[PDB]
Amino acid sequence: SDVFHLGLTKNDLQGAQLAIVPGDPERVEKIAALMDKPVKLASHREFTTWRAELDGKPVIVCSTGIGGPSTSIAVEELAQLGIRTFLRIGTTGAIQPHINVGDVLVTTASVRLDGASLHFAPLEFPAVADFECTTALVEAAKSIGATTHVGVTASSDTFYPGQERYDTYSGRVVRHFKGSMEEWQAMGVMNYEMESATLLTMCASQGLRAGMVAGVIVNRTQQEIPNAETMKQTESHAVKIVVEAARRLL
């Protein structure tokens, strides 16, 4: 390997300068299979990587794992192997009443509820997306007729207390986080997830382009349990959007 974690060589990438970066390794084969000539490159720890081709151009798909720490590894190592553009795709829970299940969120910038962003820029630095990547994502979403919200996302180093989930072992939330979600709701924040503050801050502060889309699968203000077809249909739609954005940035 040319890098410490990913198990990849420069030649494995065949010149790729753009990576789609889901958190879940299981989505890597899915996205790559939407593209031409998908081939599996490597799988180690949370990092599963495939290569494919889009409009005759090599593209990478690599999973980040959950959270800023493993994200910052994947971005750092892909950057050493020539990746310059990074497009995160996921599914998410909305926290505003006007967003519906099936809608699409494009993130302009994130609230930094994480640790890793601080290892690249102090807190006053904005966790902002690349304007070209944001534009390509909104254009792609509107091109397939998605209902699309564009705005702020809160990025948390935990799934449970930092998103004020109380159905947990302890059933309590530390003082600093208790009531925080209602603050973020009043401030127009669309959703929570767990990798964009790191992704956006580290890319923006190092001349790398990054952006983020997500399919809404639950609305925590009007919460319904999703069935599989809905999770699949929402996942597919965000995957289609992200590939189409990638076409526009190649």
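For every residue, the number given is its place in the sequence shown, counted from 1.
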Of the two stretches 139 to 147 and 81 to 89, which shows the higher Cα B-factor on average in the entry? 139 to 147
Between 179 to 187 and 30 to 38, name whichever shows the higher mean Cα B factor according to the PDB entry. 30 to 38
Report the option among 221, 198, 206, 70 whose CA atom has the maximum B-factor in the deposited record. 206
Residue of maximum C-alpha B factor among 116, 101, 74, 113, per deposited coordinates: 101
If you rank the chain by CA B-factor, which third does residue 225 end up in: lowest, middle or highest? highest
Check where residue 171 lands among this chain's C-alpha B-factors and tell me if it's the lowest, middle or highest third. middle
Determine, from the deposited record, the chain-internal third of the Cα B-factor for residue 211: lowest, middle or highest. middle
Within this chain, which third does the Cα B-factor at residue 15 fall in: lowest, middle or highest? highest
Modelled-residue ranking by C-alpha temperature factor, third containing residue 126: lowest
